[PDB]
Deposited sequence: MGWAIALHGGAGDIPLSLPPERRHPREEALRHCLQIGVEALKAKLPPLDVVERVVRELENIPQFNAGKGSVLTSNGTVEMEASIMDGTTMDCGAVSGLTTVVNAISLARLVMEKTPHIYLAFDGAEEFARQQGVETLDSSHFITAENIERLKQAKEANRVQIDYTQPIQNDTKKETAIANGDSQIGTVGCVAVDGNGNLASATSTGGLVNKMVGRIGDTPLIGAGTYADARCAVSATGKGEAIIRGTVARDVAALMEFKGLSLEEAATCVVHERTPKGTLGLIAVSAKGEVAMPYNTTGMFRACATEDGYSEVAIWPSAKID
């Protein structure tokens, strides 16, 4: 049957995270899970499901994508996303977005409306205007929390995977990237086979230290272990997270064509949720 997983990012989420900051993030996870489950039960194809959920996770200011993107070194927002359809292996990606309200929707339009997969920076902003997507002033995306985070860094990702009852799979990832990143830095989120992958067998969205995820080709590696060694989703995701990538760098979510779900992480925490047709659902931050 159908299955959905989502994340609001992996990293060093401290156990002492105050309730005032925990609660809104938990509420956001549970609300996005309800949106994605409602969508699958309304017979929306998995590509529409992961777009719809990641649009919400972009709009949530407590998550690093869309509004609440982390700031470049220059105190600016540069947003990036990718989307992949497992059944066609069609895909779309964008980098260097500064005014586009929903980066993941622009990635979808590159896939549908152009002969290309990947547009970035000024050409991606020009395509956004040609398509008439929603834009706001760059100041919309910058939060007080992210101004402070950049100050402290100089001193010192969201995702959705879904499968319907017919084995159709999709993956969507969106980010502001890494605090204090150099202007023009591209991380793992928009790279097919790093942050995002979907094929006949699985759909994967990765989150964490961008450069490690690129070097590790994490999303492709999950799919490759299932295809080339006959590993189950759980075996393939476990091996990548706990065997092949360094501690404190990576988490991912994955669903299979058979409707299984895996959300392993090697970080302290990962803001995560999932639901299956088989009546499993969970919302979590830390290990249980």
item: Missing residue ranges, deposited sequence indexing starting at 1; value: 1, 158-186, 319-322
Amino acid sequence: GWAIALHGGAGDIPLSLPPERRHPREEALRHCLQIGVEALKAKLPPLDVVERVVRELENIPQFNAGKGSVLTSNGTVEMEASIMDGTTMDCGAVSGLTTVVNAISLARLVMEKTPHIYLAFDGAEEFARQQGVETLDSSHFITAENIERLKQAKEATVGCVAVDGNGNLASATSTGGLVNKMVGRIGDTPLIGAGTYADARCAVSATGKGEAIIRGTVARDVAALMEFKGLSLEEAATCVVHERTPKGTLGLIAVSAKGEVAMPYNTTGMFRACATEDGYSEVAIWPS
From here on, numbers count along this sequence of modelled residues.
item: 94-102 versus 144-152 - greater average Cα B-factor per the deposited record; value: 144-152
item: Segment of higher mean CA temperature factor, 127-135 or 76-84; value: 127-135
item: Peak C-alpha temperature factor (PDB record), options 174, 196, 166, 217; value: 166
item: Chain third (lowest, middle, highest) by recorded CA B-factor, residue given as residue 178; value: middle
item: Third of the chain's Cα B-factor distribution that residue 259 belongs to, per the entry; value: highest
item: Residue 238 - which third its CA temperature factor falls in, relative to the rest of the chain; value: highest
item: Within-chain third of residue 51 by Cα B-factor, per the entry; value: lowest
item: Chain third (lowest, middle, highest) by recorded CA B-factor, residue given as residue 232; value: highest
